[PDB]
Structures are given as C-alpha cells and as structure tokens.
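Here's the structure we're looking at; comments come further down.
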Amino acid sequence: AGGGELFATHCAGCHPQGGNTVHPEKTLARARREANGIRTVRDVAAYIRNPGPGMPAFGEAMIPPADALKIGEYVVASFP
Ligand code: HEC
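Numbered according to mature numbering (1 follows the signal peptide of the UniProt record, and there is no 0), the sequence shown spans residues -1, 1 to 79.
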C-alpha cells in the first residue's frame, strides 16, 4: 500500500501489526495517540525525523520529508 511498503520495513521491524516490540504500553491506538496528541499526517513525518528516546530516527538521507507525508497516510487508514 505504497506507504505500507515503507512502513513494512522501516517500521514493521518495531511496529508489527500496529503493535510494539519495545513498549507494550505505547501502541498506535488513538486512545493513546490522543493523550499525547498524534492524530495527524504531518506529526507522522516531523517527529519521526527527530523523535525521542526509544525510537530511532529518519533523516532526509533515506526517506525525504516529502516521502514522509506519504507515510503519515498509512497511519490514517486503520486508526486516524
Ligand atoms: C523500534 C526500533 C521502532 C521503530 C523502527 C519505529 N518505532 Fe515508532 N515507536 C517505538 C517506540 C518504542 C514507541 C513508543 C514511544 C516511546 O516512548 O518511544 C513508538 C511510538 C510510535 C508512535 C506512537 C506515538 C508517537 O510518538 O507517534 C507512532 C505513531 C510511531 N512510533 C510511528 C513510527 C513510524 C511511522 C515508524 C517508521 C517510519 C516507526 N514508528 C518506527 C519504536 C519504534
């Protein structure tokens, strides 16, 4: 699913079935994404850039921001 092909390689290895392999308390569930407030496409492009501890990072070396706005979508076809 375009963005899925990317998320299923640069995320799949940590975000298996909208799950987590590091933190079993921080899922992609809106219920949670709401508390922190992460229910947007952009948000799912910037942070990824320079996110906090626990999660790696993704510069414009491999995946360009413009290509990130495409990923944010993948996270809007299951649990916006
Ligand atoms: C393990 C090496 C990870 C990879 C690869 C990716 N993410 Fe991640 N993600 C990870 C953790 C441990 C957490 C919990 C938050 C923390 O305190 O670290 C998360 C959380 C998210 C969330 C939910 C909250 C948020 O900050 O957005 C989202 C939406 C998210 N992660 C997105 C995401 C994407 C799009 C990734 C591939 C580009 C990706 N993550 C990789 C661990 C890991």
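Note that beta-carbon positions come from the ideal geometry of N, C-alpha and C, so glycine has one too.
Quick check: is any heavy atom of the ligand HEC less than 7 Å from the C-beta of residue i?
| i | result |
| --- | --- |
| residue 80 | Given that the chain is displayed from residue -1 to residue 79, the structure contains no residue 80 and the question cannot be resolved. |
| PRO23 | no |
| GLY17 | no |
| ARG41 | no |
| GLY12 | yes |
| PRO55 | yes |
What number of angstroms, rounded off, separates the C-alpha of residue i from the C-alpha of residue j?
| i | j | result |
| --- | --- | --- |
| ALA60 | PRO50 | 16 Å |
| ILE37 | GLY58 | 20 Å |
| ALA7 | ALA67 | 14 Å |
| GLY17 | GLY1 | 17 Å |
| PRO64 | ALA56 | 12 Å |
So, do the region 12 to 22 and the region 38 to 48 have three or more beta carbon pairs nearer to each other than 8 Å?
Contact between the region 12 to 22 and the region 38 to 48 is absent, because fewer than three Cβ pairs lie under 8 Å.
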